[PDB]
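Below: the structure, in structure tokens.
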Amino acid sequence: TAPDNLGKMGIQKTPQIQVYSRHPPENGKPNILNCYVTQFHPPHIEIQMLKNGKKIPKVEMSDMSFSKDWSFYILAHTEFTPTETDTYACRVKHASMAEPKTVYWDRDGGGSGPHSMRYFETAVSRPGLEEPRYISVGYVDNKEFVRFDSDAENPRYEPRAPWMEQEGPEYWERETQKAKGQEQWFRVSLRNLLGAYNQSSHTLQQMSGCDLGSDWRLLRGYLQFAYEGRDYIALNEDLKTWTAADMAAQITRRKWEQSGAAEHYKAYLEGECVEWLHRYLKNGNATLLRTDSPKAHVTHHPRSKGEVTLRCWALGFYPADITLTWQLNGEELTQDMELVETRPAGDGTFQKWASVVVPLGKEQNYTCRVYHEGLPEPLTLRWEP
Ligand SMILES: *[C@@H]1O[C@H](CO)[C@@H](O)[C@H](O)[C@H]1NC(C)=O
Ligand SMILES: *[C@@H]1O[C@H](CO)[C@@H](O)[C@H](O)[C@H]1NC(C)=O
């Protein structure tokens, strides 16, 4: 259930690109190629996937999520069957870069833990058009489940997970009406903010949600806003007081203090947010509460006559929480270890790898350990000659 805002309001980051396959690539066998682009702002971006320099058709996109620091995520993926000589790339156009960036494919909560709900709301003012584009994405445990997009010919909240088909029409009508309210709220706020910062594209973001534990009781609630991808105002953990990021947001804070806005959101986070997440978790039991254990292996990458890189892979796991660690004769090497952010592999599962540089001839004294709730015991494995 989406939040409902009350009183209104009173820079570029270059993307990071990762290109990888869902399964270990075998020539002539079906697979999925992923292009995972993160940490960029503004959200507008153009992504193409290439095979031998040719645009690949029917590329799917997971759109319009963002992280705690307000920078945007996107996942582009397409099924493909690789062969030995083909070359594959991902080409990204973003306003933070002078020219397009091409990255080539190198062939070398959830479950039983805590749970959370989030609504990621973004309005972007467009120069050639009147109204801003307003998008709302709802998430349960890293899984998109609802979406509203004002660029739709008939804008409406739509189900994005199969267990939301269960909700009757009055649910969708009620959520959609909230979205239209939010759209007006964001539109007038964008106009106020343009004056407040004395400006002449612009972005306004909201993130709201509740965190639950394993007992499914409220751990913490959030309600935070950003302008131009930078903190503006956030509701503190007490759900009573506000933290303002600059002098403009201080004016908004005192206005929202006079009007008791914090209590309106406190009631949503403590009651509605918690109770309907419970229902979503139970309706989506088979999907959200499953555990898929990781399959793990170690690869060998010589770099000179004296040194080699060992990379510990974990594939096909759900939920996303996982711990990869390297050890040398029993003691852990976390400080001198190279990791990659846990990444989605395009089918509901996730991937991660961790690497160390070791002297050639001592590979057998290094061990990788994998911790995952889907594993009855932690996995221990080492490079196999
Ligand atoms: C999920 O479904 C199974 C089978 O229907 C049931 O036994 C289990 O208790 C359910 N889990 C939760 C958390 O509702
Ligand atoms: C390293 O590996 C070898 C091979 O098993 C072993 O003999 C040795 O005790 C291990 N540990 C150290 C500290 O050398």
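Here my numbering is used: the first residue of the sequence shown is -6, the next is one more, and so on.
Note that the Cβ used here is the ideal one computed from N, Cα and C, for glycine as well.
Secondary structure note for residue 275: its alpha helix (DSSP H) is the uninterrupted segment 267 to 276. DSSP places residue 5 outside any beta strand (DSSP E), giving it a letter other than H or E. Contact annotation: the region 125 to 133 touches the region 47 to 66, with at least three C-beta pairs closer than 8 Å. Distances from the CB of residue 357 to the heavy atoms of ligand 2 include at least one below 8 Å. For residue 209, the three-state secondary structure derived from DSSP is coil. Residue 103 counts as buried, since at least 16 other C-beta atoms from the protein chains shown sit within 10 angstroms of its C-beta.
Membership of residue 240 in the alpha helix (DSSP H) is indicated by the continuous run 240 to 251. Boundaries of the beta strand (DSSP E) harbouring residue 302: 300 to 310, taken from the DSSP string. Annotation for residue 352: the continuous beta strand (DSSP E) segment containing it runs 343 to 352. Rounded to whole angstroms, the gap between the alpha carbons of residue 348 and residue 300 is 13 Å. Secondary structure in the region 98 to 124: no alpha helix (DSSP H) run of 4 residues or longer lies completely within the stretch.
In terms of Cα proximity to residue 227, the closest of 205, 199, 141 and 355 is 199. The C-beta of residue 186 has 16 or more other C-beta atoms within 10 Å across all chains shown, which makes the residue buried. Among the bridge pairs identified by DSSP, residue 217 is matched with 200 and 227. At the C-beta level, residue 265 and residue -6 come within 9 Å of one another. If you draw a straight line from the Cα of residue 1 to the Cα of residue 252, it is about 11 Å long. Residue environment for residue 42: buried (at least 16 other C-beta atoms within 10 angstroms of its C-beta).
Taking C-beta atoms under 8 Å as the contact rule, residue 153 and residue 137 qualify, at a distance of about 5 Å. The alpha-carbon of residue 371 is positioned some 45 Å away from that of residue -2. For residue 320, the enclosing beta strand (DSSP E) stretches over residues 316 to 321. Per the Cβ contact rule, the region 12 to 20 is in contact with the region 337 to 348 (3 or more Cβ pairs under 8 Å). Residue environment analysis places residue 175 among the buried positions, since at least 16 neighbouring C-beta atoms fall within 10 angstroms of its C-beta. If you ignore the 5 residues before and after residue 249, its C-beta comes within less than 6 Å of the C-beta of 0, all in its own chain and listed in chain order.
DSSP lists 303 as the beta-bridge partner residues of residue 293.
Residue 206 sits close to residue 108, with the two beta carbons spaced by under 9 Å.
Contact annotation: the region 288 to 306 touches the region 357 to 372, with at least three C-beta pairs closer than 8 Å. In this structure, ligand 1 has a non-hydrogen atom nearer than 8 Å to the beta-carbon of residue 282. Rounded to whole angstroms, the gap between the alpha carbons of residue 191 and residue 63 is 22 Å. Taking residue 330 as the centre and dropping the five residues before and after it, the same chain places the C-beta of 318, 319, 347, 348 and 349 closer than 8 Å to its C-beta, in chain order. Of the residues assessed, residue 267 falls on the buried side of the cut-off, its CB having 16 or more other CB atoms within 10 angstroms. For ligand 1, a non-hydrogen atom lies closer than 8 Å to the CB of residue 278. Residue 220 sits away from residue 202, with the two beta carbons spaced by 9 Å or more.
Exclusion of the five residues before and after residue 90 leaves 7 as the residues of its chain whose Cβ lies within less than 7 Å of its Cβ.
Take the alpha-carbon of residue 148 and the one of residue 277: they are about 25 Å apart.
The alpha helix (DSSP H) runs lying completely inside the region 130 to 200 and spanning 4 residues or more are 162 to 189, given in chain order. Per DSSP, residue 259 is one residue of the alpha helix (DSSP H) stretching across 254 to 260.
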